[PDB]
There are 2 protein chains.
Amino acid sequence: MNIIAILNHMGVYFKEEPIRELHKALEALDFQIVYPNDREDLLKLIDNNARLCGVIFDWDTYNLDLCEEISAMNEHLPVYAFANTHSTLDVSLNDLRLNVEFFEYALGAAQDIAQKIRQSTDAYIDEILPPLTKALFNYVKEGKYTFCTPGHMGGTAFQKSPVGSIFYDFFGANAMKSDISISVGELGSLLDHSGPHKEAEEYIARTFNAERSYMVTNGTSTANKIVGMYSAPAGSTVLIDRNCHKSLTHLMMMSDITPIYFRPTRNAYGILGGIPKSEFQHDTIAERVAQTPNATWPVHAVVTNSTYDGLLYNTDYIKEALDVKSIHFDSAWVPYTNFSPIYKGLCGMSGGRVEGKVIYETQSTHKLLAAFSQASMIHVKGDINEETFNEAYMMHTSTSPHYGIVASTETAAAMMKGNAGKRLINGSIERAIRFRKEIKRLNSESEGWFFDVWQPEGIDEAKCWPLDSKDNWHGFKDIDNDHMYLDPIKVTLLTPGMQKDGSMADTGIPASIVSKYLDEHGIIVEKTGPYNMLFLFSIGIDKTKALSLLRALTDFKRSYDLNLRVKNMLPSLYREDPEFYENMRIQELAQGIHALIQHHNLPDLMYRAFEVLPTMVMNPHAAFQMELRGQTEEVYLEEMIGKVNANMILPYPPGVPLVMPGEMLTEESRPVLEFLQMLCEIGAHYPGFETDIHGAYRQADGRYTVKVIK
Amino acid sequence: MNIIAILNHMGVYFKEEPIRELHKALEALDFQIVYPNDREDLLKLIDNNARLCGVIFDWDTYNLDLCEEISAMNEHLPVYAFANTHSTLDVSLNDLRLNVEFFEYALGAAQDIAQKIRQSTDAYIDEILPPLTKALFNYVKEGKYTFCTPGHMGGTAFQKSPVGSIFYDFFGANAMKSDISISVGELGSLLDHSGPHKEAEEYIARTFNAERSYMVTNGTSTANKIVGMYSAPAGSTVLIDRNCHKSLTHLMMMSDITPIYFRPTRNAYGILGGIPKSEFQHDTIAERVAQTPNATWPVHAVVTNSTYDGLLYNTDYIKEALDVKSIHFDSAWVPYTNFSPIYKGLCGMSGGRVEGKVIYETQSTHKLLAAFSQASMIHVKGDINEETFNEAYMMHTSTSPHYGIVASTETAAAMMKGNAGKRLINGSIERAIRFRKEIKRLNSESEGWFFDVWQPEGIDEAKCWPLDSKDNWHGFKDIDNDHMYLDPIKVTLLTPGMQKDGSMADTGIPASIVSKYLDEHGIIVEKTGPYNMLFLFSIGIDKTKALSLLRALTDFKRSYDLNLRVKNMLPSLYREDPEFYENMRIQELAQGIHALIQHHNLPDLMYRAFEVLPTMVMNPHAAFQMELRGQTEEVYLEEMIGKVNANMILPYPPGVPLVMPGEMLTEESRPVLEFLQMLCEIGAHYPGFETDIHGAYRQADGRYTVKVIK
Ligand SMILES: Cc1ncc(COP(=O)(O)O)c(/C=N/N[C@@H](CCCCN)C(=O)O)c1O
Ligand SMILES: Cc1ncc(COP(=O)(O)O)c(/C=N/N[C@@H](CCCCN)C(=O)O)c1O
């Protein structure tokens, strides 16, 4: 934060000479000076360089409308106007609202003006930094000696070791110096919500539109467990989105809570849809309660919003219609919903208090904002017993939190404020929409096959596009209207191989091949389904990366159409079993995988296996407890029918839990088993494309076993 | 060739100032000046830096005995003595034989003296360069434009191409400019023996103690074919060393000559021994002639000297005892025998003319001297029809010889001249002997197994050590005395696994594992047997490389004793087959290979298969002609018995021809087949350690087939 832009070349010595002296004095104060040629140049510099901490210009040449243009980009950026002919009578109230400091031209005044500019820069830095992060940085500047944990003592231990010194050089001194503990009393305590931490929490709650907020240093998995434990005592009944992250299943294995499942939808691609509106109704829930043994009226409900693939619920209807006192929106994938009006009504914290209810949002700050991994947030709107919640919170948080992760959470909040933060979010959305339109254009002008994008036909303006029953782009049958919306940030590209009616074509390109090719060429996809690839167009994606992705996709298409050899196209895959992949070409491998998928009818089996719910014989807690008592046996996959499962079976694809612990496959649930059996067969043909079934175990002979209650 | 050493730091201006001015003038003439501190420093500088082209010293400080010391290292190196108090009366006749030029101290004389020194340096360069190489370099200096072959026109074509430019940058401009053809008339012609080429030949014949010499640009394989085709007309009988290179078999395949085989010996390691003296006798040859169909008294004889493993014959006894008018010594591995008295009587060109006989030596200049690959020599001592020999010569030589290869042959000859060349050869021999002694000392010091060296006990002084029937180090049974000698240059290291009596030990380390480890650590062995590794301590081996090899061997021993994992110890082997080599450790792999070798009794089968000669049914020419007519069939190995072989079977180990084309395996020759069958089994257990049988073909099912006369 040390770049100062000087805008003029004035042609009079009485201005130029003081400006040259000021240049020298500022450089003595450790500033880097840049010289834009004109106002458009300056505005571009500001747009492209966030380290620009100040602008100097001549008030005679440029009016204060230049300050208005600067402030529209960054309302806190200090601007220094040098006055010669203008006086106090030439400024208006609106002008005086801007962060402008006025100086005059004089020989010998460079030193005090530079001192004033240094003070203003420090004030700018202080204004944009959040309280905890500022306190941490100031403590580091103090350079105190520690005889307390952590044992590396501000990085000293690393410097005394060869390999430690390599680690220290990689991560840098500041990262080590800022790794501290609650022995440093001036920073307060996260667990006690004291000092700067308290301020941070309030800061976050204000930025994220929450009544209360909590920083979590072990991910949204831990955040979910905190919320669930506070909300669902033992013996209670909980409504669970069947498209729940396995953290919720872990919570159920930990606490003796009886689940009743919301049933979401799916399309032919295996992309998860939303829970239909009828599942939120009182009568449906009551009937399910009546049929479920040891079930009562639910005290807590958990809904995944958004889905992994970017489908958001209209949350106003859910908050109105779900007759449960506590509603928890697992919003891991959408921590940005408060920072753009296009998400209004599509997030848990949207709007005000719901009478008689408490709404939680759990957000993964590290997933789609800028924070270190494991940084997570809990947002609460509604009445809670603060002390009991604090107990549930401390039960899952370490007594030695990583201060860097905490500071990054606060800093993500700070990055979201003001004109600069609005530009960040809006720019990310606009970039995603431009990329989507470009994919559509390239697909249109492609002579043969090209990548498609999963979206409505005519996207024009930045918004969350509704899923409507008439349109068939989304592939969901008989979907409720004004219910599901697509987040433009989450871009799903489709490889050829599936027809528009839900069947698969004669030829196809499985998306795993494309993801491997992209990895070989320096591009990492978020995830890959059978014929879809997910790309996150977050605030960390710039034009360079998007254009590079387009170039990589066209390169893959050209290489595939030339039918290159796997040894050349995919060398790392070839290094897996070089004997198998000799003289094997790309089109043959792709067609073999596609024909294996088709012959086994993978889409129909995947769809049917997730449409029938396996029978719940005991809650996951009881089954897990019996597994802890060593009362389970490993049996083969063909014998699952009638056996109570001890473990969650989570297959990829589609990447969502298929069997929960305590559930039993009956005859009416046989397709589940068939699907799994199928995943075994297809997984045993091409190295590098192995089966991936959590909860199943590959034996030495190549068969698969599962653990069941003995 | 531009480094000038100035030796003094005097205390008088009338000397120092002219020397400083001379420094400046010489640097203007593109010389690099160095300043040794004392005479011992200067002598070390000369010893270590062959680019030192001149020495300047003060005659007052140092007498001309310094010039004697310099000349003992390089008798052509120019020395410039500055005279102040000494006069013409202070030089003796012996002193005036040294290459000393005398100057005086005077201000303003630096330019003239520097010009004289430049002329002397040019004279030195001209004196040590051989004629053809000098002519080639001068032509390149002329920079003529070519409209003739080669088509790259002195490298211009490469410069006009991107990838061509990469190639040109790698090999350099001079390499391209010197690639010329006989369209350049001033260089003469290799095929015509005209101009510089003629001079070169004479130069070579003088340096290598031959009456006539020929340069060959397609290796000693081509040299062997030239000699053989001149010496053995169709229908003649030739005596052939059974340990013959495949080139002699190729000659027999193209020429209708009937062979009778010298039988060499072998030891338990599979190292080839020498032909016993009785095989050279008239009675044995006559008896073999009377039993071979269509055999007459031999007109030509071919003997491999030395063997690959460094065993040299006493060639005087052979020249006296072999009653054949033409004797060809295939001396590919020993081109250096004329340049050290320790090889006296152990090479084909040793001594004078043998009355009534012609002696040939074929030498691979590129193998053990300094020449580009494919550079070879033919040396002739005795009467030949020069015109017929010239026909045999050109009918194996291309009309577009590579001038670089030819020049490198001549330059290797030039490198062998004078005090510098004698120092080269003697230094290489002493270096080899020091390494051998160090291996012995390290083996004595080792606690447990260590590498051994194949040599007699207590080698002391530089010589070719005789193989005697009393000693058992060589492992040859009932060897004639004063017959075979070991070349110290060829260093054979032994890994544990074989006992001193020829039996197989209970534990062993196959040498292929050591060679793979050495390759992984930047050291390339010449070749590897089952329990032996061959290292060539040529004139290209210095102290740095020998110490590096010792360190690598001790590192291997330490790593093996720690029993490291193959994944870490041998990464490339693991990458050959990652599934097989996961979690395998080095000791297990070595012991498995050793037990495979022992259980099949590889040494006994190897020895027995090469002790009985397969029956000749037709000469190799007839069998090869039948193969060219399509009258061969592919059969399996177990059906070998009774089938005339169409191709040479040459297995590794022991790396020498086992079956010749036209030979047939009978019941009495069954062990040969057994050995081969054994090799097949041995090669089918460890990836990276596959079977290697030339003339056998591995089928898809894994079996092996050979081609036989239908
Ligand atoms: C809906 C939902 N709720 C909570 C969490 C846990 O949040 P934390 O991971 O912060 O504890 C995740 C995590 N989802 N992440 C992926 C793998 C990681 C991403 C790889 N680029 C998964 O587990 O399926 C979630 O999807
Ligand atoms: C005795 C003998 N006479 C002639 C020749 C042919 O001489 P050219 O190779 O110049 O045509 C060779 C060649 N022997 N070379 C090795 C492999 C190359 C060396 C690897 N570092 C072999 O063939 O087994 C020979 O041993």
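In what follows, every chain begins at residue 1, and chains take the letters A, B, ... in the order their sequences are listed.
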Quiz item: Are B:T207 and B:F339 close enough, and set up right, to give a side chain to side chain contact (heavy atoms under 4.5 Å, CB included), and what steps lead you there?
Solution: CA-CA 9 Å; B:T207 308; B:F339 311 115; 3.7 Å; yes
Quiz prompt | Worked check of side chain to side chain contact (heavy atoms under 4.5 Å, CB included) between B:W454 and B:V491 | solution = CA-CA 7 Å; B:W454 194 62; B:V491 177; over 6 Å; no
Exercise. Would you please test B:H483 and B:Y313 for ring-ring contact (aromatic ring centres under 6.0 Å, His included) and show each step?
Key: CA-CA 6 Å; B:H483 193 33; B:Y313 293 91; 5.6 Å; yes
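For the pair B:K527 and B:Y308, the cation-pi criterion (under 6.0 Å, within 45° of the ring axis) is fulfilled.
At least one donor-acceptor pair closer than 3.5 Å links the side chain of B:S444 to the backbone N or O of B:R441.
The aromatic rings of B:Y343 and B:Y336 sit tilted relative to each other, their planes meeting at an angle between 30° and 60°. In this pair, B:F451 and B:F556 present their aromatic rings tilted. The plane angle is within the 30 to 60° band.
Applying the salt bridge (charged side-chain N to carboxylate O under 4.0 Å, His left out) criterion to A:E576, with sequence neighbours excluded, gives no partner residue. Residues satisfying the side chain to side chain donor-acceptor pair (under 3.5 Å) criterion with B:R51, sequence neighbours excluded, are absent altogether.
Using a 3.5 Å distance cut-off with no hydrogens or angles, the side chains of B:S364 and B:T220 do pair a donor with an acceptor. B:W449 and B:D561 share a donor-acceptor pair across their side chains, judged by distance under 3.5 Å alone. In this structure, a donor-acceptor pair under 3.5 Å is present between the side chains of B:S503 and B:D501. With 3.5 Å as the limit, one finds a donor-acceptor pair spanning the side chains of B:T133 and B:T411.
Classification of B:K440 and B:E457 as a salt-bridged pair holds, one side-chain N sitting under 4.0 Å from a carboxylate O. Comment: B:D519 does not engage B:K516 in a salt bridge, judged by the lack of any side-chain N to carboxylate O separation of less than 4.0 angstrom. A salt bridge does not link B:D542 with B:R431: none of the charged nitrogens is closer than 4.0 Å to a carboxylate oxygen. Using a 4.0 Å cut-off between charged side-chain N and carboxylate O, B:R698 and B:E690 make no salt bridge.
Put simply, the side chain of B:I513 reaches to within 4.5 Å of the side chain of B:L589, judged on heavy atoms. Counting heavy atoms from C-beta outward, B:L493 and B:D452 have side chains that stay 4.5 Å or more apart.
Within 6.0 Å of CZ in B:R551 there are 12 or fewer heavy atoms belonging to other residues, nucleotides or ligands.
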